[PDB]
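Every chain is named by a letter (A, B, C, D, E, F, G, H, I and J) in the order it is written, and numbering of its residues begins at 1.
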Amino acid sequence: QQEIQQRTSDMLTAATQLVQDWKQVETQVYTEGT
Amino acid sequence: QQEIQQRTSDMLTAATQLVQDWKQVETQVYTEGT
Amino acid sequence: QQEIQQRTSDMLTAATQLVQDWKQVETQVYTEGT
Amino acid sequence: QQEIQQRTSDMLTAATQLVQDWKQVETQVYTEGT
Amino acid sequence: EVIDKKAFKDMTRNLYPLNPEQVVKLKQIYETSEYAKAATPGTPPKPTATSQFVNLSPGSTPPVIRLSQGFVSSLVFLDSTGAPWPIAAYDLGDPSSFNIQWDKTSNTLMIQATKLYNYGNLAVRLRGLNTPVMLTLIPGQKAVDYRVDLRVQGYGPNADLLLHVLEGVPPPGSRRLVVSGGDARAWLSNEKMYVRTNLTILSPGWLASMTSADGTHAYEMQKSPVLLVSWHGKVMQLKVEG
Amino acid sequence: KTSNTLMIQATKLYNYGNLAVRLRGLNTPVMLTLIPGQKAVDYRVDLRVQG
Amino acid sequence: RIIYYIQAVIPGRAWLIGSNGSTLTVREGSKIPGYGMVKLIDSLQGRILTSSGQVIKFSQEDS
Amino acid sequence: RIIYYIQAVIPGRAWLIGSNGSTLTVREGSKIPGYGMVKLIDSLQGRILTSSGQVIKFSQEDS
Amino acid sequence: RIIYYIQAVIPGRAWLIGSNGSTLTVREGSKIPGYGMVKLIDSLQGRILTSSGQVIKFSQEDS
Amino acid sequence: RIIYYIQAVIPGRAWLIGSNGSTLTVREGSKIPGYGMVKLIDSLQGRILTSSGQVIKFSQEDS
């Protein structure tokens, strides 16, 4: 019944990977023209 | 009854990591153009 | 009954932190423009 | 009966800290103008 | 198959050991702790403004200036005529408690009491003053002054109320008077009625009148319990009591 | 440098302070006090002057 | 009479503005005309008690 | 008659200003017209007793 | 009745514009004519509950 | 009557272009004229179900 923790461990860093992907925000590109 | 110390350690890290965020405050920025 | 001394130690560190945060005082400022 | 010595020692450190600050007194200042 | 859900909830609790309600609760706890730890013990002093005279007799007690920790103490020096007498040079004993902000051509002085319970002294030579003028200062008093005006005995090198009434300041020595049906105010100062309005009186006359650009009028007159006012082409009578 | 307006911000929550302003037309400077952390926030303060 | 509104309030000192545009500051131990003696000052929730049984607060719309 | 007020108070020195506008500084042992002999100068709370039973203090407005 | 729409709602405060354009900001403890007292303001789900058993909500096209 | 074509569909909102040129967006809780009440919005297979027994989808030739 020890299989829960290896099931718990691998998805933890997997979830930690994608939870950073909701954090980034980039400034838009604004310019002129002539 | 000894599982408290596992749950004691992680919240201290959780308490500290956001209480530092509620200390700093950015300066207002004034923009000047003709 | 060493937990009382431990409590006194951590509160003493906090009190030294508070008194060294109370000790300092900065100066006035001048702003001249025409 | 042996508690006198540590009660002396912190008084020694505090009073030596005081007597250093009782001695000095800074100079006056002068500022001209026209 | 429920092992995945158990892993999900255990991972969620391990990632976030706190409830959101617990987060907001400890944030309020932090706010209260901050408020108490930067609360100011003792009764705070009353911010004031003072004006005094400089006694140049050879037996007078010199004036003492009340100061505050980290706060502005501004001094303005005038002569007996009230004209601004600027400062040539100055000196302060023990500047470790007091910082001086001094414009070169001004009489304005700005002092900050840095040390808590240490008092000091200062001398100033003006541009034309023969005898230098000195003060003593002490911080941590029950009252604190923002602007301290000092009128000196000697003449300086340099030498009505209806305008401030029209701006809105009532003249002193008066009391508020109740009226019926009037968008106006009246004040009795020295047996002279000063009435501010935006209307036009007709019957009893005035001693003086001052009108503004935006439409407010001020009338100076004698005693009259009855008034006739012309508004928009029609006349209305009103009463007032002394 | 030539403005008629003051644009300040409060760093902390409730720390009192003060300033003095020497205006262009005013011989006597004017000292004003500031306090944050009250029940209302002044979005703008307009000040009538008797001078 | 005259309605007073709390404009500023710290521990110890309080700041009031009357009906006729009059600004003033007060402490805990003081006498206020028309209200008597300021018994206690509650900086929490903007509450001021006087000896005439009256409570000074901020305005409802100006809060 | 003539009423004095305490302007500045430290241990050892007291600063008084009368109703006439004249001000002075004095010690515990002193003689003052209108009050007599200064029995007690208290550093805390700004209260000074005299021999005629009068108490010198800060003003209500000057507080 | 004059219908108010939630232009902005945060925890703590809410912003209502009336039918004729009456723009105001309300805290939790206040009064409202035609709805009585303000008892519960929900920052989530876009609803403000009043004392008259009514709910102010975002409209379909005011969304 | 008026029909619609699924122009843009996200989870949550939907965009429908009318037969007469009525291009608009809509949410789950809505009172669509001619269709009534939407019981469910499904981004899967492009189906919009209504309480009037009507389902809005893409065009056959525009697919």
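As a working rule, a contact is a pair of C-beta atoms (placed from the backbone, for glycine too) under 8 Å apart; a residue touches a chain by one contact, two chains touch by 3 or more.
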Keeping to the contact definition above, tell me which chains border both chain B and chain I. none
Comparing A-E with B-E, the one with more C-beta contacts is A-E
Using mean Cα positions, find the chain sitting nearest the overall protein centre. F
Distance between chain centroids, defined by C-alpha means - chain D, chain H (Å): 34
Please tell me the distance, in whole Å, between the geometric centres of chain A and chain B computed from their C-alpha atoms. 20
Averaged over CA atoms, how far is the centre of chain C from the centre of chain E? Could you give it in whole Å? 33
Which residue numbers or ranges of chain E touch two or more of the other chains? 14, 46-47, 72, 103, 110, 168
Could you check chain J for residues that touch two or more other chains and list them? none
Give the residues of chain A that touch two or more other chains, as numbers and ranges in rising order. none
Touching chain F in the complex, chain G uses residues 6-10, 46, 58, 62-63
Touching chain C in the complex, chain F uses residues 1-2
Chain F contacts chain G in the complex at 14, 16, 35, 38-40
In the complex, chain E residues that touch chain G: 39-40, 42-44, 46-47, 168, 176
If we count contacts the way the header does, which residues on chain B are in touch with chain E in the complex? 7, 10-11, 14-15, 18-19, 22
